[PDB]
Amino acid sequence: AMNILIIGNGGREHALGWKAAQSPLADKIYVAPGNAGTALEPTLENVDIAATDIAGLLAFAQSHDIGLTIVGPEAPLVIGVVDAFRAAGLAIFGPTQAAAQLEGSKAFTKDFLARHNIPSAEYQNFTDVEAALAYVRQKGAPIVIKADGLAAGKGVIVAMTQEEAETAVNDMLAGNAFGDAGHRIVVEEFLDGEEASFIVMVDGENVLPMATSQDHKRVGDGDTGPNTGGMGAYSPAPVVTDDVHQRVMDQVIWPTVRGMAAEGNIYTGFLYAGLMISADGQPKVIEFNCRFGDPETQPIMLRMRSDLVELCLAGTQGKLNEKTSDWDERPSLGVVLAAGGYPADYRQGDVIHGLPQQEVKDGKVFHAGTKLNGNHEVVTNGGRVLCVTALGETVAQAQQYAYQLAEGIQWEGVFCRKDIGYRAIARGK
Ligand code: NA
């Protein structure tokens with residue numbers, strides 16, 4: 001068996017570590033730095049090294065006979081943890097710094113999507129109110145107008161009528177004409193439809209798709225309030241039909257993987273695509289970003305019947321084309337429990353009461369922003385604190401069970417959406 005290192009401290013990393021621990025191919029499994037959930041997990045050992053301390057991480061891997069490292073979050077990737085590990089001969093599943101630009105830089109990706117003709121939102125920047133008005137007159141509504149400097153919730157206008165679009169442009173650029181006020185807007189195509197997260201493993205040349213999922217990015221029930229990292233997800237996502245899946249692979253995933261290689265930035269690791277699927281079943285890329293992996297990873301790992309270590313090892317050896325993935329036929333669903341105030345300011349340090357003292361059948365509480373202190377109290381340590389995850393025979397039953405398991409977990413200001421899964425439950429799924 002091989003010792004395994006998971007880098008990071010979110011709920012995705014708890015889930016990855018928990019799943020890895022099931023592999024007969026794994027001996028010890030470490031999480032750097034991990035969180036209270038991985039501390040509590042008997043099969044995982046937290047290591048007190050920051051996810052962005054590359055020298056510390058490499059020293060650890062070189063001293064604890066780590067046969068495979070799996071990287072969850074963005075921060076270590078964009079500073080080249082993968083480059084460092086590979087220079088030292090260590091097997092690591094994640095993108096190089098250069099490849100990580102696709103997930104780390106919105107500008108890099110907009111340019112990439114354009115030059116590869118990958119479906120995504122058209123956009124144009126303006127400082128001149130007359131050029132902007134001519135452009136929104138040409139495109140017509142619906143259309144999105146964005147500016148910086150305004151109050152929270154007022155920087156993005158989704159204009160649904162021509163007047164709304166003209167008003168937005170005129171209001172957000174007001175003062176540039178006569179006063180050189182210095183304002184700037186971006187006008188972007190409105191992507192309508194339904195969201196899906198499409199996650200794949202990539203070995204440079206081959207791709208192994210993970211189960212589909214649907215996250216709930218707005219903080220409030222009924223898709224209201226500000227955006228977040230994601231308030232809960234379920235798998236699989238019915239909006240991704242077999243036909244839509246083919247279109248995603250053909251129009252998005254293969255062009256992306258091939259394009260990155262063609263530019264001399266071969267991509268390896270998980271690739272998390274946030275998509276909008278139109279009513280006619282056509283995909284558009286919102287972003288490639290690690291936010292399309294948490295809390296999406298949690299329900300996916302509950303459903304995975306394949307060996308995660310096996311697959312990630314194949315992903316470091318160029319062998320994904322030899323592998324298949326196996327899944328529980330049942331759906332799974334996770335509900336995030338968040339600290340009141342998220343995604344704006346929120347309190348840290350609250351003692352969490354009612355956590356499960358034993359694993360239960362068909363459910364799991366994955367920790368994200370939590371810390372286990374010296375008195376064995378678990379305290380809140382982030383905006384998203386837990387993801388209470390369940391399997392069920394239908395999305396409706398998975399939803400019921402997840403909210404059942406969440407019921408006794410308490411701290412001051414705890415909150416969640418109550419409608420995780422609604423778009424699938426509304427279909428009878
Ligand atoms: Na997410």
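What you see below is based on every heavy atom in this structure, not just the backbone, and it leaves out hydrogens, waters and symmetry mates. Quick note: residue numbers are just sequence positions, from 1. Start at 1 and go down the list; that is how both ligands and their atoms are numbered.
Nearest N/O/S atom of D294 relative to the Na ion (ligand 1): this is O. In terms of distance to the Na ion (ligand 1), the nearest N, O or S atom of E296 is named OE1.
Under a cut-off of 6.0 angstrom, the local environment of CG in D326 is crowded, with over 12 non-hydrogen atoms contributed by other residues, nucleotides or ligands.
The Na ion (ligand 1) has no N, O or S atom of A233 inside 3.0 Å of it.
Evaluation of the side-chain hydrogen bond (donor to acceptor under 3.5 Å, both in side chains) test over residues 192-204, restricted to residues two or more places apart or in two chains, returns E194-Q214, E194-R427, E195-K217, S197-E296, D203-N206.
Here the Na ion (ligand 1) is the vertex; the OD2 atom in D215 and the O atom in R291 give an angle of 130° (to 10°).
Ring-plane geometry between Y234 and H216 is classed as tilted, the angle between the planes lying from 30 to 60 degrees on a 0 to 90 degree scale.
Between the side chains of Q282 and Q251, at least one donor-acceptor pair of N or O atoms lies under 3.5 Å.
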